[PDB]
Structures are given as structure tokens and as C-alpha cells.
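Student: curious how this folds, go ahead:
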Amino acid sequence: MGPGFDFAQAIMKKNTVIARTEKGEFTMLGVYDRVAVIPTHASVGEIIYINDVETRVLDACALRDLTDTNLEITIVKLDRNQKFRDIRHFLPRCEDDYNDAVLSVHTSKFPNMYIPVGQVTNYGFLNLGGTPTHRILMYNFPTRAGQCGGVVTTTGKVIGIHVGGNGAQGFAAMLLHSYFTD
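Tutor: Residues are numbered from 1 along each chain as shown. Please see the structure below:
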């Protein structure tokens, strides 16, 4: 409908796949080469389904900060025959608050879904499903089951992936440029 949705759509159309684990279907953001991200509660194993195709996982790393606190981001390298468009230059370098964000989801349950979530707070610490978690972004939208892995964008930045909600607020794990240096 406007330039926020334009940027979100451009990311969804080229840089997302549907990932299926034994824990469900997730929006999965491809970042560069064969490297993607998914919430850690997806419990990625040795094999994953990517757009309903059996795919070997070459590497999977559940990120933690240097206090050894959960970040809820898993970085996955996929044995796929095709690279992602490199979007690392759209990743923020530092922790920040944002205005006018969009949460975008693409699954069998929720195809081509876009939600204007408005203002995003650097919330920081969250007890997420009983697990102490850091670098959490918060938005005041009543997000539901099926939105995990959803991409949070502003115009020109890819800032997080949706990891939970409490019925009134939604929570995303930050994406930082430093996670994807090679």
C-alpha cells in the first residue's frame, strides 16, 4: 500500500523460503549464499524441508551473546543448488529502536501476509517460553501462532525475525550485520 510494504514485499519475494521441521512450518529468511535464519525453537536437525523439498543441513548454529544468554536466532547453511540474493547491506550494525515497521509472513497457513506493527522498542531482556533471551524488539500487535520466523522490516532495513508474543505484544530477535561476516 506504501513504501514500507514495497520494501517488505521485495524481501519476501526473493529472500524467503518455507522451512518445515518436526516443530512446524516457519518463514525462513535467506541472507546470502546458502545461509538463512530461523527461530531456535524450530529445533533444526540434520535434514529440513525447504519449499517441501528434502534438504541436508550443512551447518546450524544457535546464537548466544557473550554473557552466554539465548538470542533465539539459528543460522542455517542449506545444501541447496541456488544462492539467495545478498541482503547483508540491509542489516543494522547496532541495537536500536525503529518507527513504522512491517511484519511479513509466508507459510501454507498464512501466504502473502503483511502486518503494519508501528513503533518497535529495543526491549532487551525477555523470559521467552521460560528461557532468558536478550536483544528482543517489541511491537504492540497481537501476533498469533503461525507468525514465527516472520520478517520485521522498515524502509531499507531488515531488523529482526518474529519469535513470540503474549497476546497483546509481539517479540522479534534482532538481526545484526556482525552475525553474517565471513
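
Student: okay, and the beta partners of residue 114?
Tutor: residue 104 (DSSP bridges).

Student: what's the domain layout of this protein?
Tutor: 1-15+85-182, 16-84 (curated CATH domains).

Student: in the sheet, who's paired with the most centrally placed residue in the chain?
Tutor: Of all residues in the chain, the one closest to the mean position by CA atoms, centre = their mean is residue 161, 2.5 Å from it. Residues in a beta bridge with residue 161, per DSSP bridges, are residue 151, residue 173.

Student: how about it, what does it touch?
Tutor: 27, 29, 37-39, 73, 149-152, 172-173, 175 (CB atoms under 8 Å, 6 or more residues apart in numbering). In short, each C-beta sits where N, CA and C put it, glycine included.

Student: repeat the analysis, applying 10 Å as the threshold.
Tutor: Contact partners of residue 161, counting by CB atoms under 10 Å, 6 or more residues apart in numbering, are 26-29, 37-39, 72-74, 103, 137, 148-152, 172-175.

Student: now residue 21
Tutor: 28, 38, 41-45, 47-49, 57.

Student: farthest-apart pair in those residues, please.
Tutor: 41 and 47 (17.9 Å; CB to CB).

Student: follow-up on the earlier one: just the contacts of residue 21: which are in helices?
Tutor: Judged by DSSP state H, helices contain none of these.

Student: list buried residues within the residues you listed.
Tutor: 28, 38, 41-42, 44, 48, 57 (16 or more other CB atoms under 10 Å).

Student: export those residues to TSV and append columns for distance to residue 115.
Tutor: Formatted as TSV, these follow (distance: CB to CB, whole Å):
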residue	distance to residue 115
28	18
38	19
41	20
42	20
44	25
48	26
57	29
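
Student: mind listing the strands for the chain?
Tutor: Ranges of strands in the chain, per DSSP state E, are 16-21, 24-32, 35-39, 47-50, 53-64, 70-78, 98-105, 113-128, 131-139, 151-154, 157-165, 170-174.

Student: show me the one of the ones you listed that comes nearest residue 7.
Tutor: Of all the strands of the chain, strand 151-154 comes closest under CB to CB, at 5.6 Å.

Student: run the chain-centre distance for that closest one.
Tutor: 9 Å (CA atoms, centre = their mean, to the nearest Å).

Student: for stretch 128-135, same thing?
Tutor: Averaged over its C-alpha atoms, stretch 128-135 has a centre that lies 16 Å from its chain's centre (CA atoms, centre = their mean).
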